[PDB]
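Written out below as structure tokens is the structure these notes cover.
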Amino acid sequence: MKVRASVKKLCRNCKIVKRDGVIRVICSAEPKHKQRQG
Amino acid sequence: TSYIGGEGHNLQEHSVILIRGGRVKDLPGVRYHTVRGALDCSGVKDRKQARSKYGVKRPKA
Amino acid sequence: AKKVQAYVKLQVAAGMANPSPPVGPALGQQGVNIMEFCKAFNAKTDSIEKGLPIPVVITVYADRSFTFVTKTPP
Amino acid sequence: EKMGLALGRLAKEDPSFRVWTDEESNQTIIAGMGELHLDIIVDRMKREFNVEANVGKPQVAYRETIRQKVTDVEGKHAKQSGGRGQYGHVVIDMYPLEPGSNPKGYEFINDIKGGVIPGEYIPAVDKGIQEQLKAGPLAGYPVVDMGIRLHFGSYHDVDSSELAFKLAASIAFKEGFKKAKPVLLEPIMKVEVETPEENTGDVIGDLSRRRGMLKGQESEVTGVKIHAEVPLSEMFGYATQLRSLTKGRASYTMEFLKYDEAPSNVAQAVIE
Amino acid sequence: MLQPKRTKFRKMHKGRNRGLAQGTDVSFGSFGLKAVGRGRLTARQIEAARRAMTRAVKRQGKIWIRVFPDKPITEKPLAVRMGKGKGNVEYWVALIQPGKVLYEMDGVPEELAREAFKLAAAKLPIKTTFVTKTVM
RNA sequence: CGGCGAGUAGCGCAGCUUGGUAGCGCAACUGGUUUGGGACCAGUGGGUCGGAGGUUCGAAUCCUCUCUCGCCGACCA
RNA sequence: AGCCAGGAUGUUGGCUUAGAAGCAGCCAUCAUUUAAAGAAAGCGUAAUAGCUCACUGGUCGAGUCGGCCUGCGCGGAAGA
Numbered sequence: 001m002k003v004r005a006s007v008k009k010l011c012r013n014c015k016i017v018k019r020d021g022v023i024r025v026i027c028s029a030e031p032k033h034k035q036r037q038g
Numbered sequence: 063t064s065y066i067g068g069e070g071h072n073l074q075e076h077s078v079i080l081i082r083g084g085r086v087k088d089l090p091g092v093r094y095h096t097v098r099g100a101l102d103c104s105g106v107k108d109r110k111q112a113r114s115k116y117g118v119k120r121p122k123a
Numbered sequence: 001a002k003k004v005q006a007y008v009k010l011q012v013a014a015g016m017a018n019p020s021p022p023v024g025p026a027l028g029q030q031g032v033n034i035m036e037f038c039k040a041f042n043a044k045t046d047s048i049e050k051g052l053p054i055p056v057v058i059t060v061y062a063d064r065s066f067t068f069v070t071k072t073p074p
Numbered sequence: 429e430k431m432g433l434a435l436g437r438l439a440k441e442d443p444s445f446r447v448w449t450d451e452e453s454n455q456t457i458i459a460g461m462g463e464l465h466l467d468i469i470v471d472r473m474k475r476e477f478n479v480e481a482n483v484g485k486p487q488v489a490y491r492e493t494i495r496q497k498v499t500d501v502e503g504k505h506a507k508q509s510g511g512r513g514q515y516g517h518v519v520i521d522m523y524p525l526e527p528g529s530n531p532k533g534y535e536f537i538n539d540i541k542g543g544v545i546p547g548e549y550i551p552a553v554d555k556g557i558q559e560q561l562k563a564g565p566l567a568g569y570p571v572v573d574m575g576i577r578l579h580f581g582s583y584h585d586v587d588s589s590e591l592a593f594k595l596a597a598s599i600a601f602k603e604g605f606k607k608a609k610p611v612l613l614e615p616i617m618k619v620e621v622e623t624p625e626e627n628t629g630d631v632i633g634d635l636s637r638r639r640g641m642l643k644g645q646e647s648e649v650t651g652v653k654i655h656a657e658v659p660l661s662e663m664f665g666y667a668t669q670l671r672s673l674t675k676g677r678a679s680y681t682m683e684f685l686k687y688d689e690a691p692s693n694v695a696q697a698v699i700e
Numbered sequence: 001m002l003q004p005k006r007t008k009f010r011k012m013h014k015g016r017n018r019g020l021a022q023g024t025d026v027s028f029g030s031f032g033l034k035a036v037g038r039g040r041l042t043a044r045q046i047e048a049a050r051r052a053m054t055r056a057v058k059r060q061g062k063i064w065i066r067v068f069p070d071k072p073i074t075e076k077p078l079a080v081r082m083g084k085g086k087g088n089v090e091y092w093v094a095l096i097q098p099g100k101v102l103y104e105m106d107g108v109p110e111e112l113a114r115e116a117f118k119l120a121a122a123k124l125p126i127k128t129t130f131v132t133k134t135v136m
């Protein structure tokens, strides 16, 4: 999964989540967007 | 080696062909005339005259 | 007045009989193979001008019959 | 030796299996029908006759053609140095003929106003090029499309000999060839494909991978008649990479069309 | 790339950089790329990050560097014992004093404008921002 | 990675110290001579000096900065 | 914002005629019915179809939205 140092939505169906203080991004229509570590 | 008496052949590096004797008196060493129309050689065409040699089968006409 | 049943909004070729090439398969994804295309269409086209771009709504029904919602050169 | 016939025994016993010959590369063709068809042939040879062979890949022709003009670049030669020298001056203009109608690849006519090349030599000087053309320098493979117009020339009475004119021409060609900066051509095959109805989106997508392009396709009862232009190079064993997609329901036919451009990366696989 | 043509000296003293900018604001066009940092822009970056801008302004508009290197840099080769003369002019830079407008641009509107500089600023070491030409 | 010393017509070599003109000879070429070729005898073309930039009235030239390539040694633990 | 219904017509809107149907891409970026609906923000397509949002009306029932400048914080951050 993308562990980009600078996460951001690659779509609209992407979302911004604040789990554990860690910044995680979850997409339901394209798993590729899945990324944390922002 | 061996000489291919004919007006255009197709023999090349394979398919064993029958070989018979006979010097050519034209090429030092070339002392065997190839067997044309035999084992793996298709004999010449364009010929009817003296077709007993050159493996040219009988003309239909 | 319907939605996509088996029907199409394609080919303008009336007079160049048997309009196979450019459009035949453009609607042949669902099977409008060239044969059935113009026999009933031309039997209806016999009222107006050929040699012109006559658009046609190919309304092939669920029972393989069809009457048209065709148009004139848009 | 014992091999080729060893298959002919099994090349008649199976009427679907054939054995051609790579004329232009002097080799052999195993004409099978799939992974298995090819497999057992190897092993049938392997143990039944105890004769091992290595599977390989087919060959191509790689013919060339020029893409620009040449100005006039000459080819004079004089091997006098005592005796009966070899003299002949040839200054010529070779051009990029189209790959169109006319049968043979090159084209040749004369342009010597004053007949400064006397008679006999023309066909004579030519023949060396008639010979020269069985192979091209750029690769080591034949060439086509020579629009050669013979500009001028010059010789000597009893020294300028045909050998020189066969010779001197060649040099004019080599220099002439470099000044027209040719490039390879590879076999482009006209190929059709029948695709169920649904795996078409994969077959068409497939050809794009293999450099082919969308040049006509129509739908039928349970298939489609697809057409594209693709070099035979990118056709090694299509069926395998083909069947795997359409549940092996497709059916294709391969007919040669014409040679065409060999691209950059493709152009240097010519390495040897 | 940008390089001074036939200047007067091969080598220049280091020289500090303390001081605010004086090539203040939007002179030529409508938008600009104003820098907030303080850093030795090298000749390489200016160009490399310029074509890195023109791609997004396809063919419409007008792009303008407001900078020019005119500053050699003297870097010694490997394994060279300190001293033994002064170095070699390896490349050129253009000092930046905070406040300097780098890339004025005009033509295309605000939106695409915000973009060209967005991409461009990425390939430059100094933190920068956006500016607009105001009345006076 | 420095360091002296060349680089000059297709080719190999003068002219360079001291700044004012580009040569030695072969090659290609032209004709003469022989039935013809080899050789030979008289003539022509053929570089503007590796390149940039300066200083000079004038730069092949005297230099600086780049380059091109030969030889010298790149060390003592 | 949800929850609801619509999101249509001429129009496949040209070309490169390779297929490009709002959606490869270049140009235009019109007008109808118009409460409004872009000759179009996105997923889809061999190419259509399909599935949404733009924008507009039902119920609902209280504030809410979007940029900008600073404070203090999170990540980026792995060595014997």
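Chains as they are written, first to last, in the authors' numbering: chain F, 1 to 38; chain Q, 63 to 123; chain i, 1 to 74; chain 8, 429 to 700; chain m, 1 to 136.
The C-beta atom is built at its ideal place from N, Cα and C for all residues, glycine as well.
Can you give me the start and stop residues for the beta strand (DSSP E) that residue i sits inside?
i, result
"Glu-451 (chain 8)", "That residue, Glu-451 (chain 8), is in no beta strand (DSSP E); it is neither H nor E in DSSP."
"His-517 (chain 8)", "515 to 521"
"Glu-689 (chain 8)", "679 to 689"
By the criterion of Cβ-Cβ separation under 7 Å, what are the contact partners of residue i in chain 8?
i, result
"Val-78 (chain Q)", "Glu-429"
Against residue i, what residues of chain 8 qualify as contacts under a CB-to-CB distance less than 9 Å, listed in chain order?
i, result
"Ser-20 (chain i)", "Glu-646"
"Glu-75 (chain Q)", "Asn-454"
"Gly-24 (chain i)", "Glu-646 and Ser-647"
Using alpha carbons as the reference points, say which of the options lies closest to residue i.
i, options, result
"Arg-677 (chain 8)", "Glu-622 (chain 8), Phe-536 (chain 8), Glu-646 (chain 8) and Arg-638 (chain 8)", "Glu-622 (chain 8)"
"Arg-18 (chain m)", "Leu-41 (chain m), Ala-52 (chain m), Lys-5 (chain m) and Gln-97 (chain m)", "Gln-97 (chain m)"
"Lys-71 (chain i)", "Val-60 (chain i), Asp-63 (chain i) and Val-56 (chain i)", "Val-56 (chain i)"
"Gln-514 (chain 8)", "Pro-531 (chain 8), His-655 (chain 8), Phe-593 (chain 8) and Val-571 (chain 8)", "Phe-593 (chain 8)"
"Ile-599 (chain 8)", "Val-501 (chain 8), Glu-429 (chain 8), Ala-608 (chain 8) and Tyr-569 (chain 8)", "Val-501 (chain 8)"
"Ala-439 (chain 8)", "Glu-429 (chain 8), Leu-591 (chain 8) and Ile-469 (chain 8)", "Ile-469 (chain 8)"
"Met-431 (chain 8)", "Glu-451 (chain 8), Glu-452 (chain 8), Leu-464 (chain 8) and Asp-471 (chain 8)", "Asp-471 (chain 8)"
"residue 150 (chain m)", "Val-80 (chain m), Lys-62 (chain m) and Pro-69 (chain m)", "This structure gives no information on residue 150 (chain m), because the portion of chain m shown stretches from 1 to 136."
"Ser-529 (chain 8)", "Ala-690 (chain 8), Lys-686 (chain 8) and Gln-696 (chain 8)", "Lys-686 (chain 8)"
"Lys-5 (chain m)", "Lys-71 (chain m), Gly-32 (chain m) and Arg-38 (chain m)", "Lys-71 (chain m)"
"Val-101 (chain m)", "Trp-64 (chain m), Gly-83 (chain m) and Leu-2 (chain m)", "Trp-64 (chain m)"
"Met-617 (chain 8)", "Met-663 (chain 8), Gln-496 (chain 8) and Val-553 (chain 8)", "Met-663 (chain 8)"
"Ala-489 (chain 8)", "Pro-659 (chain 8), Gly-665 (chain 8), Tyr-680 (chain 8) and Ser-679 (chain 8)", "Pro-659 (chain 8)"
Between residue i and residue j, what straight-line distance do the alpha-carbon atoms span, to the nearest angstrom?
i, j, result
"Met-574 (chain 8)", "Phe-601 (chain 8)", "10 Å"
"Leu-89 (chain Q)", "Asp-467 (chain 8)", "47 Å"
"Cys-27 (chain F)", "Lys-118 (chain m)", "26 Å"
"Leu-10 (chain i)", "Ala-656 (chain 8)", "25 Å"
"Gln-645 (chain 8)", "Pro-19 (chain i)", "14 Å"
"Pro-610 (chain 8)", "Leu-566 (chain 8)", "8 Å"
"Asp-521 (chain 8)", "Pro-527 (chain 8)", "18 Å"
"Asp-63 (chain i)", "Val-22 (chain F)", "60 Å"
"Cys-14 (chain F)", "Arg-4 (chain F)", "15 Å"
"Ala-608 (chain 8)", "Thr-493 (chain 8)", "9 Å"
"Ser-692 (chain 8)", "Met-1 (chain m)", "28 Å"
"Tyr-7 (chain i)", "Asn-33 (chain i)", "13 Å"
"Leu-561 (chain 8)", "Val-571 (chain 8)", "6 Å"
"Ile-46 (chain m)", "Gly-87 (chain m)", "24 Å"
"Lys-34 (chain F)", "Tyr-61 (chain i)", "45 Å"
"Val-118 (chain Q)", "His-465 (chain 8)", "38 Å"
"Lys-133 (chain m)", "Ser-30 (chain m)", "5 Å"
"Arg-638 (chain 8)", "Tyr-94 (chain Q)", "51 Å"
In chain 8, which residues lie with their C-beta within 8 Å of the C-beta of residue i?
i, result
"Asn-33 (chain i)", "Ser-647, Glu-648 and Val-649"
What residue range does the alpha helix (DSSP H) around residue i cover?
i, result
"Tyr-666 (chain 8)", "666 to 674"
"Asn-42 (chain i)", "34 to 45"
"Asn-693 (chain 8)", "692 to 695"
"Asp-634 (chain 8)", "628 to 637"
Identify the contact partners of residue i in chain i, using a Cβ-Cβ distance below 8 Å as the criterion.
i, result
"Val-631 (chain 8)", "The contacting residues do not exist; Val-631 (chain 8) stays about 14 Å from chain i at best."
Starting from residue i, find everything on chain i with Cβ-Cβ shorter than 9 Å and list it in chain order.
i, result
"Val-652 (chain 8)", "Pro-25 and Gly-28"
Chain Q partners of residue i, CB-CB under 8 Å?
i, result
"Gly-432 (chain 8)", "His-76 and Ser-77"
Q. Is the region 528 to 547 of chain 8 in contact with the region 664 to 682 of chain 8, if contact means three or more CB pairs nearer than 8 Å?
A. no
Q) Hey, is the region 438 to 446 of chain 8 in contact with the region 34 to 50 of chain i, meaning 3+ C-beta pairs nearer than 8 Å? A) no
Q: Flag this pair as touching only if the region 460 to 472 of chain 8 and the region 99 to 117 of chain Q have three or more C-beta atom pairs under 8 Å; answer yes or no.
A: no
(Q) Counting beta carbon pairs with one atom in the region 74 to 92 of chain m and one in the region 690 to 700 of chain 8, are three or more of them shorter than 8 Å? (A) no
Q. On the three-pair Cβ rule with 8 Å, is the region 546 to 564 of chain 8 touching the region 16 to 30 of chain m?
A. no
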